[PDB]
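What follows is a set of notes on a single structure, which appears directly below.
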RNA sequence: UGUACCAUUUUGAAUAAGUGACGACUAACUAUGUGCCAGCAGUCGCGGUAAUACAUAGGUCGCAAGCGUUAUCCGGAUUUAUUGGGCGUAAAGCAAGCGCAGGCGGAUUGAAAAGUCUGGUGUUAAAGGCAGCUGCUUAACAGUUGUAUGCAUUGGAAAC
RNA sequence: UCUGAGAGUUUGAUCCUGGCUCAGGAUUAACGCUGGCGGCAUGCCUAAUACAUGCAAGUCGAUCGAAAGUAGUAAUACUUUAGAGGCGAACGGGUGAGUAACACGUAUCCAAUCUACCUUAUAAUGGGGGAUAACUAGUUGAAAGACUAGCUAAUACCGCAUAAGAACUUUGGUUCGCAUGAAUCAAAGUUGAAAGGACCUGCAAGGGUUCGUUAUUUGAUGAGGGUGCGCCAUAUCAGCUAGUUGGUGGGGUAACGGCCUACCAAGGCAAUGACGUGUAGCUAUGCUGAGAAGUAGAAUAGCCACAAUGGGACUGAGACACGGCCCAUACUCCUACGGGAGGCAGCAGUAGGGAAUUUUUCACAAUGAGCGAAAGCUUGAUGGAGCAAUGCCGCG
RNA sequence: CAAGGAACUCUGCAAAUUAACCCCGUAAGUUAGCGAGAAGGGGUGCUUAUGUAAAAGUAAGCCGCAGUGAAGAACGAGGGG
Ligand SMILES: [Mg+2]
Ligand SMILES: [Mg+2]
Ligand SMILES: [Mg+2]
Ligand SMILES: [Mg+2]
Ligand SMILES: [Mg+2]
Ligand SMILES: [Mg+2]
Ligand SMILES: [Mg+2]
Ligand SMILES: [Mg+2]
Ligand SMILES: [Mg+2]
Ligand SMILES: [Mg+2]
Ligand SMILES: [Mg+2]
Ligand SMILES: [Mg+2]
Ligand SMILES: [Mg+2]
Ligand SMILES: [Mg+2]
Ligand SMILES: [Mg+2]
Ligand SMILES: [Mg+2]
Ligand SMILES: [Mg+2]
Ligand SMILES: [Mg+2]
Ligand SMILES: [Mg+2]
Ligand SMILES: [Mg+2]
Ligand SMILES: [Mg+2]
Ligand SMILES: [Mg+2]
Ligand SMILES: [Mg+2]
Ligand SMILES: [Mg+2]
Ligand SMILES: [Mg+2]
Ligand SMILES: [Mg+2]
Ligand SMILES: [Mg+2]
Ligand SMILES: [Mg+2]
Ligand SMILES: [Mg+2]
Ligand SMILES: [Mg+2]
Ligand SMILES: [Mg+2]
Ligand SMILES: [Mg+2]
Ligand SMILES: [Mg+2]
Ligand SMILES: [Mg+2]
Ligand SMILES: [Mg+2]
Ligand SMILES: [Mg+2]
Ligand SMILES: [Mg+2]
Ligand SMILES: [Mg+2]
Ligand SMILES: [Mg+2]
Ligand SMILES: [Mg+2]
Ligand SMILES: [Mg+2]
Ligand SMILES: [Mg+2]
Ligand SMILES: [Mg+2]
């Protein structure tokens with residue numbers, strides 16, 4: 001029940017996220033298993049320096065993304081590679 | 001096949017006065033945290049002489065751990081070099 | 001019928017395990033104390049975490065008797081141990097709870113607080 | 001100081017306990033009857049009750065397996 | 001949240017300075033009062049009628065929206081000294097001996113490889129640590145990449 | 001490529017041994033004086049003391065009967081939810097009382113284990129039956145409720161037919177292992193499944209997507225056990241241990257195991273510190289030091305333990321369950337005197353202790369969780385805003 | 001002899017409790033011999049079976065308010081002269 005999801009590690013009035021593979025029952029901002037890549041709500045462009053390597057391994061393993069997590073994958077195009085690799 | 005390998009320990013028998021037992025003693029040379037000198041220790045593990053191994057007192061015996069057969073017994077005897085006493 | 005120098009139990013939370021009667025209060029040569037009677041007592045067996053200390057002279061009212069007494073209808077109420085609870089001048093219990101059952105003779109002689117703090121009246 | 005979910009859960013588990021206890025008692029009486037007057041016939045009934053309970057979860061699957069293996073050992077020894 | 005911020009928007013220096021110390025360690029001194037009295041003090045110590053050490057005042061110095069005092073931890077302290085101390089006269093050689101276990105230990109050869117050294121792999125969670133960079137008016141701060149330490153296993157070295 | 005500052009003080013004066021004090025940092029800090037603002041962060045160290053009051057885990061009508069409301073002549077259409085059922089309530093949040101040992105850190109072996117939902121792959125999802133919530137009526141009550149008799153529904157429950165594969169054995173082969181021992185067959189015997197919902201098409205018959213279900217398969221996550229090493233003070237604590245040590249057969253546990261049982265024995269640990277006493281959550285880390293290391297385990301993060309005190313168990317993939325259940329103890333409160341109610345070490349706040357540490361706040365808007373197809377819904381986690389020169393930084 | 005239990009009296013005088021056997025456990029002090037039957041507790045009947053030379057004991061069952069069912073069997077602790 002690994003779940004690629006976010007983790008807030010910014011400061012007051014300035015969030016900062018990191019895509020990460022973690023279990024569902026682990027608290028947010030806690031212990032995790034593997035690092036994918038970071039995010040910034042105000043990076044203008046390239047807001048999601050993705051990895052494109054282990055992420056495909058964990059999704060193939062069966063990781064369940066989230067709504068905002070999925071969103072990031074689509075603008076780069078990671079959803080395409082995952083679904084076509086399934087096929 | 002590929003089978004994870006168990007840990008081994010080489011020791012000497014100190015006493016044997018029960019049914020199927022052998023109180024072996026294993027030594028080690030752990031360093032000292034501050035004065036940095038080797039110190040000889042002594043700890044007495046127990047094992048079972050199920051058979052074919054006997055290993056009476058004074059017999060230099062090698063020891064491999066095993067699933068706990070009982071409380072305080074988690075080791076088994078094996079090959080015996082320098083059979084004496 | 002509790003009499004002079006009678007050891008009896010306390011049915012409340014106050015730290016007093018054994019209490020000894022000193023005087024059967026009420027008149028001259030009052031021989032016995034029946035249910036509802038007030039007596040002067042001395043704490044003899046107490047506990048460290050108790051409001052009373054060993055040796056204090058205090059006033060108590062009896063609630064149970066081994067001998068028992070007979071009511072007007074003919075019913076004879078009889079307990080298995082003599083018990084008393086420590087009371088204050090106002091007739092208000094010193095403890096915050098009462099253990100075990102109590103008689104109905106208390107109701108006649110006031111003692112409404114004792115009845116309301118009991119487990120069940122008999 | 002109380003939650004309807006917790007209250008409802010307590011009310012449901014009383015009924016579940018009744019039903020599961022009935023099922024467990026049948027297995028207990030059946031294995032005792034079997035080993036009483038030993039007979040290869042009974043053995044079958046033992047399998048049916050143990051496997052069914054194991055699927056429903058009422059009994060841990062491992063306990064059914066150990067009971068099954070051990071009861072079959074008695075028959076082979078006696079036959 | 002009509003919040004940060006912005007503008008040639010009105011008024012206008014207007015709405016804003018305290019605390020410790022001044023004999024030495026320790027940058028900074030005079031007068032008045034008191035007269036072993038009243039008081040100060042982290043240490044040495046000041047006060048007995050000419051007090052730069054007390055009280056007040058003026059001056060001056062150290063700090064600053066903070067300044068002093070108190071409490072606790074570390075350093076300085078080589079003042080429990082493995083690194084890194086001593087035992088004649090300053091603290092410290094038992095009154096002396098026989099001595100098991102422990103520690104140490106002559107020379108040469110062979111083997112093994114437990115110490116010892118080295119290569120490969122795994123791991124030592126993330127934050128923090130140090131270096132670089134970015135973003136907040138720069139900073140504090142946040143993010144970013146880099147950055148060891150030990151353990152286990154395996155392959156070699158053979159001087160002690 | 002690391003990298004270290006001293007001074008005062010015994011004497012009439014000097015040298016040395018030697019103790020005391022100071023110059024530097026630092027804190028969950030407090031007190032006195034004073035006091036303008038902004039950006040970050042911190043904020044009961046004590047009484048794991050007791051708590052007023054209000055909030056802190058629910059969700060699905062696309063599982064099911066019924067009821068209610070609004071429109072409609074009617075058939076019916078829409079909305080709402082007390083109850084049955086599924087799922088989640090074991091996550092998340094708080095505190096550090098207990099605990100000196102496999103608790104924890106590290107490395108490991110689980111030929112001695114579990115894992116619901118999730119991943120891959122593979123067979124089925126046919127047909128019956130008996131019940132009870134809601135409702136009605138009666139008794140008992142102010143009400144909470146409780147008891148009694150009838151009425152219904154299903155993805156609730158219980159049989160039956162059926163096994164691609166499963167589980168337990170039997171027959172001999174295979175490949176063997178680290179001692180118990182695993183690994184693979186071919187044949188056979190024995191045993192064992194469930195449930196439908198939404199929508200589309202089709203005159204119909206039938207067909208179809210999707211959710212969901214049973215039986216398996218792959219992994220992964222999470223949980224559990226054992227072991228080596230490391231991990232406080234004290235000898236002005238020297239013996240301790242009788243399920244303690246071992247074997248046998250049996251029972252139990254997810255599993256090995258004196259975990260339990262009956263028998264047979266007398267061992268095990270201990271001066272290389274047992275046992276006892278006192279103390280303490282451990283670790284990554286914080287402060288300090290040139291370094292070796294000393295010191296505290298703020299905040300936060302990993303692991304353990306706890307939920308007024310002490311025990312037991314149900315349900316479940318997972319609890320012996322903070323705001324579930326049962327019992328006892330202590331404490332408080334309500335009553336119409338028969339009976340009951342309660343657990344702020346969840347967010348605030350109150351009383352008390354203290355030298356001393358804050359809103360009885362707003363919103364799920366972002367992140368996160370639980371249920372749902374969505375609409376959504378619930379989130380004192382979380383995100384903000386108050387408060388305080390509490391610390392760093394900046395400007396007047 | 002119901003309730004109380006030394007309130008009686010110069011004084012627990014007298015009376016009352018315990019009492020046999022078997023199985024647990026037993027302190028301060030000491031001249032190391034004792035204290036000590038210390039203190040404090042438990043079981044006892046009948047039947048069946050197993051145990052033995054006989055037992056004692058062990059397991060199951062039965063009855064009564066009570067089972068050395070009656071007789072005979074030590075009350076104890078602490079301080080002082
Ligand atoms: Mg053995
Ligand atoms: Mg179960
Ligand atoms: Mg002064
Ligand atoms: Mg002056
Ligand atoms: Mg020092
Ligand atoms: Mg030092
Ligand atoms: Mg010296
Ligand atoms: Mg000398
Ligand atoms: Mg000499
Ligand atoms: Mg001498
Ligand atoms: Mg000599
Ligand atoms: Mg020697
Ligand atoms: Mg790290
Ligand atoms: Mg940072
Ligand atoms: Mg001098
Ligand atoms: Mg200083
Ligand atoms: Mg509803
Ligand atoms: Mg709960
Ligand atoms: Mg919890
Ligand atoms: Mg929190
Ligand atoms: Mg706390
Ligand atoms: Mg589930
Ligand atoms: Mg049906
Ligand atoms: Mg069938
Ligand atoms: Mg079903
Ligand atoms: Mg055994
Ligand atoms: Mg503690
Ligand atoms: Mg130093
Ligand atoms: Mg902390
Ligand atoms: Mg804390
Ligand atoms: Mg609560
Ligand atoms: Mg609170
Ligand atoms: Mg509490
Ligand atoms: Mg939300
Ligand atoms: Mg500040
Ligand atoms: Mg500043
Ligand atoms: Mg009498
Ligand atoms: Mg009497
Ligand atoms: Mg008298
Ligand atoms: Mg008299
Ligand atoms: Mg006499
Ligand atoms: Mg005596
Ligand atoms: Mg005398």
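Each reported figure results from applying straightforward, stated rules to the coordinates on display, with no laboratory input. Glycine also receives a Cβ, built like all others from the backbone with ideal geometry; neighbour counts cover every protein chain displayed.
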Self-check item: Label point distance in nm, residue A:13-residue A:66, each placed 7 Å from Cα along Cα→Cβ
Solution: 2.5 nm
Self-check item: Ratio of the Cα radius of gyration of chain D to 2.2 N^0.38 Å, where N counts its residues
Solution: 1.46
Quiz item: For chain D, what relative contact order do you get, as a whole percent, if you take Cα pairs closer than 8 Å and at least 6 residues apart?
Solution: 24 percent
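What FRET efficiency would be calculated for the residue pair residue C:18, residue D:25, taking the C-beta separation as r and a Förster radius of 41 Å, to the nearest 0.05?
On the way: r = 52 Å, r/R0 = 1.26.
The computed FRET efficiency comes out at 0.20.
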Exercise. Would you calculate, for the protein assembly as shown, the mean residue ellipticity at 222 nm contributed by helices, counting each DSSP H stretch of 4 or more residues as -39,500 (n - 2.57) and dividing by all residues, to the nearest 500?
Key: -9000 deg cm²/dmol
Quiz item: Under a point spin-label approximation (7 Å from Cα along Cα-to-Cβ), what is the residue B:81-residue B:50 distance to one decimal in nm?
Solution: 2.4 nm
Exercise. Report relative contact order for chain A in percent, whole number only (criteria: Cα-Cα under 8 Å, sequence separation at least 6).
Key: 26 percent
Quiz item: Any idea how far apart residue D:8 and residue D:63 come out in nm if each label point goes 7 Å out from Cα toward Cβ?
Solution: 3.0 nm
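How would you rank C:85-95, D:11-21, highest first, on the average number of other Cβ atoms within 10 Å across their residues?
Averaged packing, sorted descending, gives the order C:85-95, D:11-21.
Regarding the range B:2-84, what whole-number volume in Å³ per residue does the convex hull of its Cα atoms give? Mind showing how you got there, number by number?
Numbers: hull volume 11.7 nm³, N = 83.
Hull volume normalised by residue count: 142 Å³.
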Quiz item: What is chain B's relative contact order, in percent, from Cα pairs under 8 angstrom and six or more apart in sequence?
Solution: 29 percent
Quiz item: What span do the alpha-carbon atoms of chain A cover on each of the three principal axes, reported in whole Å from largest to smallest?
Solution: 44, 31, 19
Quiz item: Quick one: what Rg and Dmax do you get for the protein assembly as shown from the alpha carbons, in Å?
Solution: 40.2, 109
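Sort the following peptides by mean Cβ neighbour count (other Cβ atoms within 10 Å, averaged over residues), highest first: C:36-44, D:43-51.
Details: C:36-44: 19.4, D:43-51: 15.9.
Top to bottom by mean Cβ count within 10 Å: C:36-44, D:43-51.
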Quiz prompt | Residues in the range B:30-70 that a label on residue B:17 would reach, taking backbone N under 19 Å of a point 7 Å out along Cα→Cβ | solution = B:44-49, B:55-59
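Run through every distinct alpha carbon pair of chain C and return the Kirkwood hydrodynamic radius in angstroms, one decimal place. Write down the numbers at each step before the final one.
Details: mean 1/r = 0.0698 Å⁻¹.
Averaging 1/r across every pair of different Cα atoms and inverting gives 14.3 Å.
For C:99, B:75, which order do you get if you count the other beta carbons within 10 Å of each Cβ and list the fewest first?
On the way: C:99 16, B:75 22.
Ranking C:99, B:75 by Cβ neighbours within 10 Å, fewest first, gives C:99, B:75.
Provide the FRET efficiency to the nearest 0.05 for the residue A:54-residue B:6 pair, computing r from the beta carbons and using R0 = 41 Å.
0.80
So, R0 is 56 Å and r is the distance between the beta-carbons of residue A:27 and residue C:54; what FRET efficiency does that work out to, to 0.05? Show your work: numbers first, answer last.
Details: r = 56 Å, r/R0 = 1.00.
Efficiency computed from Cβ-Cβ geometry: 0.50.
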